[PDB]
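Novice: kindly generate the corresponding structure for this input.
(5 chains, ligands or ions: 2)
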Amino acid sequence: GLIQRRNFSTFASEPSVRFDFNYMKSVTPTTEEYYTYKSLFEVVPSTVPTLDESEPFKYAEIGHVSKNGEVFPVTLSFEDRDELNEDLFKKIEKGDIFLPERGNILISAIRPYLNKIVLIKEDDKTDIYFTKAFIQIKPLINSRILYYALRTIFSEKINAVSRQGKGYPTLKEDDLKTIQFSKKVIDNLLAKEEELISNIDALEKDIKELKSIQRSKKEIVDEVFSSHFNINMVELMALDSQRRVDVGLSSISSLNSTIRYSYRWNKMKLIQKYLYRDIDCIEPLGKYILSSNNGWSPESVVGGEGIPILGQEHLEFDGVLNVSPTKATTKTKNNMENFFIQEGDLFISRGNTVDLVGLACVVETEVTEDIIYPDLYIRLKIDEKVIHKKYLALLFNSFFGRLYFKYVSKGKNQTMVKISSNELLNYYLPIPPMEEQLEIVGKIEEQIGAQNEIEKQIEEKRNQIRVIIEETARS
Amino acid sequence: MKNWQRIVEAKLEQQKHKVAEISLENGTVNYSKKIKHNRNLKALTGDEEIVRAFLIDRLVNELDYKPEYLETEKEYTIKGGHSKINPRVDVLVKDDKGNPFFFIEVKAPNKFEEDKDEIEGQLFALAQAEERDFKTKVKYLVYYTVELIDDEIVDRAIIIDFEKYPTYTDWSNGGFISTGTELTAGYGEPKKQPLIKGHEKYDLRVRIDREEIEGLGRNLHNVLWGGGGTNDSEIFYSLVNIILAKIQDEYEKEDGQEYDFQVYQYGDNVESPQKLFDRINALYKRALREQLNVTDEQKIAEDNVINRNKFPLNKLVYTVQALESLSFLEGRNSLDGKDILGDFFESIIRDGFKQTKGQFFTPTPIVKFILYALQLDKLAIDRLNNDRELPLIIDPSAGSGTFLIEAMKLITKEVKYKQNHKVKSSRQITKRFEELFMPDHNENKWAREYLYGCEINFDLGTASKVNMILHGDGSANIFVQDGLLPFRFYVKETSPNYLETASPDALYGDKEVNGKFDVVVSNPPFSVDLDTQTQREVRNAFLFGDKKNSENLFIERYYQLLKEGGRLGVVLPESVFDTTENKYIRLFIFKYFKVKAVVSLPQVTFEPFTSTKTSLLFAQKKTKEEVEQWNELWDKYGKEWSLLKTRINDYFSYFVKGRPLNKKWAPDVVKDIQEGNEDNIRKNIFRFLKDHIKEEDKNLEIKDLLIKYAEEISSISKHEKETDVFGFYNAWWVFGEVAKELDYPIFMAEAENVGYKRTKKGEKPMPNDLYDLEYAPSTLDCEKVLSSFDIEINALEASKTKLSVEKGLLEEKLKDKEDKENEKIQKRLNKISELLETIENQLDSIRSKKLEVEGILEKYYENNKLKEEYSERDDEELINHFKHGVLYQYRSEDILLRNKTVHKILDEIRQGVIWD
Amino acid sequence: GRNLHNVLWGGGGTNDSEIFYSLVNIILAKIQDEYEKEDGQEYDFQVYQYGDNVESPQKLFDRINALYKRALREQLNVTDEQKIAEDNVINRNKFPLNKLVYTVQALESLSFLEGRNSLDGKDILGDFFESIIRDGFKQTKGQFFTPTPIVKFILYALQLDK
Amino acid sequence: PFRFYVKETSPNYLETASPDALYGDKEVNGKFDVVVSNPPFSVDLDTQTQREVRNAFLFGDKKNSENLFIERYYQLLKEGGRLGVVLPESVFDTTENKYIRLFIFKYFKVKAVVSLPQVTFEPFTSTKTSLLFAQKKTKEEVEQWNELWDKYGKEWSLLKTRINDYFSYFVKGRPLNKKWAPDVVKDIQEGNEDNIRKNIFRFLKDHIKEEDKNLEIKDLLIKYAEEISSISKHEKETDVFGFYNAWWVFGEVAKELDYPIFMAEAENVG
DNA sequence: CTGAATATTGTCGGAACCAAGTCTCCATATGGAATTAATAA
Ligand SMILES: Nc1ncnc2c1ncn2[C@@H]1O[C@H](CSCC[C@H](N)C(=O)O)[C@@H](O)[C@H]1O
Ligand SMILES: [Ca+2]
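Specialist: Numbers count the residues shown, from 1 in each chain, chains lettered A, B, ... in the order given. Ligands and ions are numbered 1, 2, ... in the order given. See the structure here:
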């Protein structure tokens, strides 16, 4: 670790004589400028707002804010008072709500390292409330200047005055009033104020433009299968809502081969009767599967030494392996070569939540390193003449592969719901001719490729802002 | 103003000698001039003055003490701190020699408990001052209050011989020494503690009140639990053992026979704690012979109430002191609030216990939903109406008896109170109803014969017994031994022991069957891993007693308990319904039972103890003829399957592989191979492949047809490795064929939320999908509610009138005063002016609320009932407004049983499901 | 430490604290048995079984309990004969003899003495207490035991040897 | 209490107890060389021992387990005994624990502080902890602390009145009273001079600012007015400290005696 | 009659945390893969 040495005196600093390792790591002897909280920002005391009980207002927790300072408020009304959001209304009535004064820079107290600093810009509308866990810190040297000086830089020191204290990492306003902000940062940043705000505004306008057309990685897979099989999107999520499935004794045996009479099995059978009313392409998967393996999941150490191992997090809704291993093992099995992925395989996911079970992926990346897949995967070697593995993975990640594996997979612990070879072999998927396939794929491929192309531009301008701030504050 | 104040005033007006009088109408008190008074007592300042007046009257009249010797409100200025405190004593009774004999301090009945700590400054110091400044002898220090008993009031007091304990420290070292309880006439009282020696003029207590019980629970939790060592459950089990000993000192105690559960304060010193320990362990050892009916005499020994190391003896002495004077059994005459000791031990469980993973109970909403889904109310009503009896519920695996306490509540409340209109008199049924429950003093006496829950844990067994007893029942028919044992192993002590008989059953492995229990409700453990020697002892009464899946045995056990048509409601895991390793136990349920309802409960029900998925299964039991019909169908279709498998494997041998015919495999198979007939072959293959056959393969020829369906043929031809109980016939083929002939609907449903969301911080309401509460009661005492509102508005009006008189007096004072005091006077006038305007606004608001109350009661309830237009409680306004305002106080927390509208799981499972 | 749980718990059954103070007494009796027996003698801490099937559990109780009362007279130094005569290894009402049989049969082969130098750095009873006892009970009492590496670091950083 | 420990063997070293003049006439066994333990963080004490700790411990009012046991260490150790314990991070960082922090600072001689990872105790509680490695001071080393504690506390008490009278006069207009002090009224009449500046810099020795050395008198009274009431509020439980505000006093106390102690952090325990 | 009481309310501090979200590593039968003695032949 570190062999830091300090001298009693030091712990004299700050009105709590504290001597935890982090604070004393942040102290250091200083020779340069000091400043204080005086010639900069100013803490604002909290207050109870006058909520109007006639219109839908907004509210914002700490989880509703992101590391990029983008609040995602929820809309409450005081005419609903539903027991699902009753906690929010109760904490509002308690007095855990305030309203920023259009120019302050709210800072989260709990765990301040996750950049929850947000800006309430001057020229704006649709006033949003906030939790007392946020610190109104309204500045005197222009909000944007202090916001950008706090987000990227002045972060190794706001995070070094947190109270660990047998639990939550937490920031306190009193400690926040003690940081030793250098002047060269603010001096240089205000010196270039007239153009820094301009080009940063241009960059964030481009980011907003990219975000305006950004689409989720699952809806794309959800729409093409919905727009190609001519199934309306507003009934299979409305038929899945009603829960009064009624079956007879005779229907239990039909295609069961294990006599399973759970409720979810019967609802799966009901939904299958709806997803295939007009589609005439369904063929049993059992006759298109040639083998099935599981994998090898030894004990693993995170960021250790040995052969890397994949996890369930590496399977995404696009049928492409993430191939970004984290765990690494050092055990042997005398047959390790049987589980070293290799390009071209199809990996369905066995073991996950009731909604993330069955997600398949094709290893489309060329890797010269041997990477083991766990017992939580199932490798499918299908005939590459009728199924087109990528299409099968996309189908498994589609609502076809969700409304089935959500209701057929087994286990008493529905937090680690697992599938088995029986459900794979007894799966009546719709397989259209090879002409129809490679059209759903390809369309989905280009749409997701475009969505990924505008996913690094966002984290290119969001990095350009940071590097520009760093360069200007260092010149 | 309590009722005992009225009784005291009536007794004072009834006294021949007018030595003490009170007036509640004027709030005044008067005493005879014979008593030397150091202060003018002419107003009733509170309950203390009334109690003091009654005490003085009792001393003069009943206790025969000279009023001249009595002294009231004598000043006893002492040196307290930097200044001189001026305390005053209430009552001083002096002997013929002038020395104070009784040093009585008067306190309110509620003040009699939390003000004991002030006794050090109220009794001992003042007595020391009396002895010092007057050279007199103080004999007895009395901390006294009134105690209502029948149409009379007696003295509930702690009396301390001041000579024995001149200091408060000596009093506290002996554990709150009390030489006497009730005042004795003619300078009496013994040195030894007056023993209870019940079954006479004196007893433990029969008129216990809610406030006393709440304070007892508070102080018991404060003292016993503490924070030092042991645990939070060990203390609970020790307290349960002590309560069991207390009940033992009510079952085996005849007339006279001084109670063994008390301090036995001989002389002036508390009897040695070891004597108390020994004479309580004797009670507890005698308790494990009729209460928990333990037969092994060596197990009776080497077993104690407390560890003596986890539970110090002083805590046991304090527990005895607190609980000695409270008759748990048979004492519930607080029936103005009905049963009062059940919620006491419910609060004991809730406040002190540490339910964790493996100790948690079954949530009450699920238990109530199960009991209602069985239609147990209608079952009990019809069981009592036709042939006078009740259902005879059993709950194996009943750790805390939640399925049995709730069953008691559900049967009593809905056979006497709610649905009593569905019980036909017909003379005999009235007599049986009177016998089962009616005196209102023992409403659960019927549950001494119809509740046969079991439990394997000794501690939880005793806790369930105490639960059962404190609710007005006897726990004789609850067994603290294993629930999976030969039926002869369950002996109670009494004659009716339904869970003892056994008999072989031809249709069930020639094994024991107790076909006597009406319904079975249970929550079996999710993972039973039996001992290597307990496993071997159970492979003689269960068909699948060797599958290493012991938790399924309970399901099989449920077949040995029901009575050919017995309702069965179980909280099973979803492995039973989903995983393949349990297929056998799914066939069993489909063979003997008549599966009728399946409900999928969320993964939040048993949180934060486990996120294990659960499903409620509601299955009946087939009669003796349905099982044999199933057996006949199974045998016939299995014979068909065997013939088809022989024909199909002969076909497969001839084709693909290729045989030059053979030695006449069978007459049928070798009659067309030479003749080339294919229709018979086609139909035979279709029958043997009744499931894996498509419509496009009809035209396909045999040679490749036997190749297309080749794995299926090699699989559907396999028999069951184990559970030959079926007879080598393939389960799937024969099961489908049987289900095709006999078929019944199976109601299935899902629950999104169960009302509650418990977590490691507390509970939290959620939208219940299982059931809806009544909110608006079917019956409401309208005159009681109107009188309560009239009383509160009259009290506020009296306060307004008093403050208006004060305002008039202050105005009169202001009219003839000068500025120097007029400043303060006008300050008072403005204070009272805004105070009275606020009171007027409050009165107007309460009047509006009252008017809305008459409006709603006349619109809905009418003559202290609820009109049938809203018996379904479908109207949002009524239930919403009852869940609001002052009507929230009365309310109603009862599961609504709708009959016409169905938007709930329970409301439709009680209508679509039909029980045979 | 893992399989001696859900067999002793037994799907509910014996409480987690009952398991703990029964196993500690069982291990005390085992240590006594290893301390008394001399070369050539058969151990009392074992179950005599005729291949399959075991002897009467009552005779196993009156061979391990006697070891326990003989254990807290020579090493625990308890001298009050009344306490010795009133104490027992386990409570049969809260710990069936079958679980005692399973515990002994699981611990028959292990040699706690002279085996303590092989599992160096493994506090047996502490780890058993942490595993068996639930987290709620440990939280309201601070029953969180400091691991062997950390305590070793503490005692070696104080220069306690010096 | 040390008299509650009984043992019928070789002299029970955990039974002696004599009052200590430096600890406030309270029992000190004080026979052992090392104490190693992990305190029961945040556990409610028994009522019987809850009654007996108020009159036996220097901080008996603060009903907190981890700290009403950092004293037990002081009682057990000798004049030079060694200590090492796994304390919580709350002792080292939480501000609601300024008392104990100073106890440890006065009686014990901190010599090494290592911060264990949060992966310690992971399957059970996973709370951040640290190690203290303290040693008790000798008797002739605690008399030094006190004599300093007061030498720098009397100055703080005088400065409290002097600067709070400067505040009352220079801002919030108030005429001279002539009973304030024989030096504040003797110097206000002449001018700010150096006496006002010296006495206002000494009181504000911590916050201060170098660039504030040259500016008008009515500037260094309003910017610091929010914290003039912070270093002039003194410290609760005066019985153990002495009616001072601590931080200031402490500040110099330490500055006159310096310990070059060792600190470290582990990220992987092993 | 000045008082700074105590006596509450209502609100900062702080938690051997722990509610949400979602990834796992390991026992254990099985079943098949090896025999076997069978099994006709
Ligand atoms: N034969 C047996 N085997 C294992 N546990 C049994 C058992 N018989 C009864 N039990 C006990 O029954 C309990 C079931 S958990 C259900 C608790 C209780 N029925 C309620 O509704 O609140 C377990 O704690 C277990 O200890
Ligand atoms: Ca365990």
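Novice: and the residue of the stretch 251-400 of chain A closest to DNA strand E?
Specialist: Among the residues of the stretch 251-400 of chain A, residue A:311 lies nearest to DNA strand E; the distance is 2.7 Å by CB to the nearest atom of the strand. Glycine gets a C-beta too; all of them are placed from N, C-alpha and C.
Novice: grab the nearest non-local neighbour of residue B:627.
Specialist: Of all residues not flanking residue B:627 in the chain, residue B:507 sits nearest, at 4.9 Å (CB to CB, 6 or more residues apart in numbering or on different chains).
Novice: the one you found: what secondary structure?
Specialist: Three-state call for residue B:507 (DSSP: H, G, I helix; E, B strand; the rest coil): coil.
Novice: make sure residue B:148 is indeed in a strand.
Specialist: Yes - residue state for residue B:148 (three-state DSSP) corresponds to a strand.
Novice: state the distance from it to residue B:824.
Specialist: 46 Å (CB to CB, to the nearest Å).
Novice: and what of residue B:494?
Specialist: In this view, residue B:494 and residue B:824 are 79 Å apart by CB to CB.
Novice: same check, this time on residue B:495
Specialist: From residue B:495 to residue B:824 the distance is 83 Å (CB to CB).
Novice: neighbour count winner among those two?
Specialist: A side-by-side neighbour count of residue B:495 and residue B:824, using other CB atoms under 10 Å in any protein chain shown, places residue B:824 first with 10 against 5.
Novice: wait, what's in contact with the more buried one?
Specialist: By CB atoms under 8 Å, 6 or more residues apart in numbering or on different chains, no residues touch residue B:824.
Novice: residue numbers of the stretch 51-200 of chain A in contact with chain D?
Specialist: Neighbours of chain D within the stretch 51-200 of chain A, by CB under 8 Å from any CB of the partner chain: A:163-167, A:172, A:174.
Novice: out of these, which are inside helices?
Specialist: Counted as lying in helices by DSSP state H, out of these, are residue A:174.
Novice: please produce a markdown table containing the residues of the stretch 51-200 of chain A next to chain D, extended by neighbour count and distance to ligand 2.
Specialist: Output for those, formatted as a markdown table (neighbours: other CB atoms under 10 Å in any protein chain shown; distance: CB to the ion, whole Å):
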| residue | neighbour count | distance to ligand 2 |
| --- | --- | --- |
| A:163 | 23 | 34 |
| A:164 | 23 | 30 |
| A:165 | 21 | 31 |
| A:166 | 18 | 26 |
| A:167 | 12 | 26 |
| A:172 | 15 | 40 |
| A:174 | 14 | 45 |
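Novice: which one among the residues of the stretch 51-200 of chain A next to chain D gets closest to residue A:237?
Specialist: residue A:167 (40.3 Å; CB to CB).
Novice: which non-adjacent residue is nearest that closest one?
Specialist: Using CB to CB, 6+ apart and skipping residues adjacent in sequence, the residue nearest residue A:167 is residue D:127, 7.0 Å away.
Novice: show me what counts as buried in the longest helix seen in chain A.
Specialist: Of all segments of type helix in chain A, defined using DSSP H, the longest is helix A:193-212. Neighbour-count burial for helix A:193-212, counted by 16 or more other CB atoms under 10 Å in any protein chain shown, picks out A:196, A:200, A:203, A:207, A:210.
Novice: show me what contacts the nearest residue to residue A:64 once chain neighbours are set aside?
Specialist: Leaving out its chain neighbours, the residue that sits closest to residue A:64 by CB to CB, 6+ apart is residue A:72, at 5.0 Å. Residue A:72 sits next to A:60, A:64-66 when contact means CB under 8 Å, 6+ apart.
Novice: between those, which is closest to residue A:380?
Specialist: residue A:66 (37.2 Å).
Novice: tell me the secondary structure of the spatially closest residue to that closest one that is not a sequence neighbour, please.
Specialist: In space, residue A:66 comes closest to residue A:72 once its chain neighbours are excluded; the distance is 7.3 Å by CB to CB, 6+ apart. Assigned with three-state DSSP, residue A:72 falls in the coil class.
Novice: and the lengthiest helix in chain B, which residues are buried?
Specialist: Longest helix in chain B by number of residues (criterion: DSSP H): helix B:819-856. Under the neighbour-count criterion of 16+ other CB under 10 Å, helix B:819-856 has B:825, B:832, B:836, B:839, B:846, B:850, B:853, B:856 buried.
Novice: so can I have CSV of the contacts of residue A:72 showing secondary structure and neighbour count?
Specialist: CSV is the format used below for these (DSSP: H, G, I helix; E, B strand; the rest coil; neighbours: other CB atoms under 10 Å in any protein chain shown):
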residue, secondary structure, neighbour count
A:60, coil, 20
A:64, coil, 17
A:65, coil, 23
A:66, coil, 13
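Novice: would you turn the residues you listed into CSV with distance to residue A:278?
Specialist: Formatted as CSV, the contacts of residue A:72 follow (distance: CB to CB, whole Å):
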residue, distance to residue A:278
A:60, 45
A:64, 41
A:65, 45
A:66, 42
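Novice: what's the burial count for residue A:332?
Specialist: Residue A:332 has 10 neighbours, counted by other CB under 10 Å.
Novice: from residue A:296, how far off is it?
Specialist: Separation of residue A:332 from residue A:296 (CB to CB): 10 Å.
Novice: same question for residue A:34.
Specialist: Taken as CB to CB, the span from residue A:34 to residue A:296 is 58 Å.
Novice: residues contacting residue B:621?
Specialist: Going by CB under 8 Å, 6+ apart, residue B:621 touches B:559, B:562-566, B:568, B:592-594.
Novice: rerun that using 6 Å as the cut-off
Specialist: Applying CB atoms under 6 Å, 6 or more residues apart in numbering or on different chains to residue B:621 gives the contacts B:562, B:564-566, B:593.
Novice: any of those residues buried? List them.
Specialist: B:562, B:566, B:593.
Novice: ok, the last one touching residue B:619?
Specialist: Read it as residue B:593. Yes - judged on CB atoms under 6 Å, residue B:593 makes contact with residue B:619 at a distance of 4.2 Å.
Novice: sheet partners, orientation included, of the lengthiest strand in chain B?
Specialist: Determined from DSSP state E, the single longest strand within chain B is strand B:562-573. Looking at strand B:562-573 with DSSP bridges, its partner strands are strand B:517-522 (parallel), strand B:614-621 (antiparallel).
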